[PDB]
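Let's start with one chain on its own, the form deposited in one PDB entry, as structure tokens.
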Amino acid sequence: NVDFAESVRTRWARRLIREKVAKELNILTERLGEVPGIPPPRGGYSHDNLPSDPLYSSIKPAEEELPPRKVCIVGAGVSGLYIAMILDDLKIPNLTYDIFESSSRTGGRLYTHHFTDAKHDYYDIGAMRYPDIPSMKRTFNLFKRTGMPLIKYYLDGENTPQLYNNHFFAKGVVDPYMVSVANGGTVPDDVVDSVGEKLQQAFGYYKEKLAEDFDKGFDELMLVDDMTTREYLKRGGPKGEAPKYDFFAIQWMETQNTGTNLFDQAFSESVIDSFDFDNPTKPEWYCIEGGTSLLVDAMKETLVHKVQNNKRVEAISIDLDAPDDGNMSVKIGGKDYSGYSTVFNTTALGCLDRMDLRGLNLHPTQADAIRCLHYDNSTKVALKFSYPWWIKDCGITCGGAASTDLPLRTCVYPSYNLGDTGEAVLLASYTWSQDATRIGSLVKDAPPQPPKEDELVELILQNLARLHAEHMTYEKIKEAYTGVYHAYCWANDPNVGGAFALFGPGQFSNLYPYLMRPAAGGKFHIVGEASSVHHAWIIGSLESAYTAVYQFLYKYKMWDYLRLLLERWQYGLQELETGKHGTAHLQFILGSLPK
């Protein structure tokens, strides 16, 4: 048995599915009376009373029979590659696939940039760090399968500076930044040095409720599911007997919040997220020695069918006049590619919304889920210096990250070059949201002609000097700078359009059931991190792929290989609720309805 803290996210997700399916089943039994796949008897359905799987008798463990089939994988990020890897391992007779990549590059949001092919001469533009928590079992299994060299990622370093209001942070000092009301600021005195615990308090109130009675706690959490984290703090709602915080208190919390947007996401999932690290929040973090793109390389090279880059799918369709399995097609550069029995789309939702999907006959609400989700921006700037001055001169010897209200916002000291004494890469700027958009405005796809330094480099070098002024001069940093740098803004990437999906108030609880269920007669799948309760991480991408493969096997009643899937590829807690009294078959049925 897994303890409560590690089980709540999955229980939460599964309950959300049941809530939606029950309403849609009631509605359809009140819109058609009969539902294809069920035997309706006589509002009726509810979240803890849904029909059993009528096909379960075939799923109990207890050559060329399978007709030749071909599936299409849209996207060669980690989700698409994982689908292909699973399919390869299952070795389904006469089953083949095409995997199309829009970019010339494979990997998607797994993206290491190499300045040279020198050992440590890189930086990760996408995913870079991985926590050893139980929800990440599937991820670390993939690392094992592909033989990834894992090293320690230092989240908290030594002597990393913090700079706000042009004051450096100092331990055991009341309001070191001098921004509190007592020192002529507007930040409330009870908040300025206690941001972390006020937040933990707000979440802890609902974590405590869920702990002793989940359903009761779930019902209470639903009352704040329709509000942002900022809103909850600005109301203490919904009643609200919870502690209030004025405008400047919350603004200071947001200021101190570097990293992805939290205050504009649903408070309910902010609460769920605080369970993620309650084994507790001192697990070990890991990164891949040589860059995350080593995973991409290992995965794409073991594929039975090679990734086709520079193939941008612009339309997806199904021919319902044709009774055969392979009646689906995609359009690439004006050319039709047909004969597919299933299409897995693994792109970011913005990319999918850009396609012509009329041929799929998607229901408007599912089309909404694809269109309406926002993506959080992220930008990275990396600079090469002739020596690691932060290690040697500043005493920053074990990674970590600096924080400031300066434009660069965060400076990340690499965990993979701690012993180097020569040329060294620094992740000088790591930003999110509006900060990332601002730095991104300075990042141009066509770099300046050597050796001219543009506004971005000049801004970063100046910010770095002020941030490390306790040990470094601006002159010294400029001299140490080799003239080599690279930068990347994800919202400017047409193939992705942001770091990862942001779920606003009510968006996950209402749209996640739609993103997870099949379409086009159970032949179309929306795959990717955003389609999973484990979103914004690799695990979400990997779990979504596993889920979609399940529903694909279920669609064509390949019970032998469905069982094989459950034996070989089930890691951690399974997101999809399968079994006789599960909901996977109901999502399948709702996603396979005729027209």
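Only residues modelled in both forms are compared. The term rigid core refers to the maximal set of C-alpha atoms that superpose within 1.5 Å between the two forms. The first residue of the sequence shown is number 1, and the count goes up from there.
The entry models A62 and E63 with a gap of 4 to 9 deposited residues left without coordinates. Taking only CA atoms, the mean B-factor in the PDB entry is higher for 323-331 than for the other of 323-331 and 427-435. Higher average CA B factor: 66-74, of the stretches 549-557 and 66-74. When the C-alpha B factors of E241, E458, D405, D121 are read from the deposited coordinates, the top value falls at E241. Of the residues listed, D98, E101, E314, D445, the entry assigns the biggest Cα temperature factor to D445.
Ranked by C-alpha B-factor against the other modelled residues of its chain, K23 falls in the highest third.
The deposited CA B-factor of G528 belongs to the lowest third of values across its chain. The deposited CA B-factor of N49 belongs to the middle third of values across its chain.
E543 sits in the lowest third of its chain by CA B factor, as recorded in the PDB entry.
Annotation for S180: CA B-factor lies in the middle third of the chain's modelled residues.
Although it is not shown, the form deposited in another entry is what the next lines describe.
In the overlay on the core between this form and the one not shown, a shift of 2 Å or more in CA position is seen for a single residue of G204, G483, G147, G419, which is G204. Taking 2 Å as the criterion, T281 counts as shifted between this form and the one not shown: its C-alpha moves by at least this amount when the rigid core is aligned. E269 shows a C-alpha shift of 2 Å or greater between this form and the one not shown [criterion: core-superposed Cα displacement of 2 Å]. Superposition of the core reveals a Cα shift of 2 Å or more for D213 between this form and the one not shown. Pairwise change in the other form: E289 and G259 C-alpha atoms lie farther apart than in the shown form, at least 3 Å. Pairwise change in the other form: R409 and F277 C-alpha atoms lie closer than in the shown form, at least 3 Å.
Relative to the superposed core, shifted segments between this form and the one not shown, defined as three or more consecutive residues with every Cα moved by 2 Å or more, span 203-225, 237-239, 257-262, 264-281, 445-448, 451-453.
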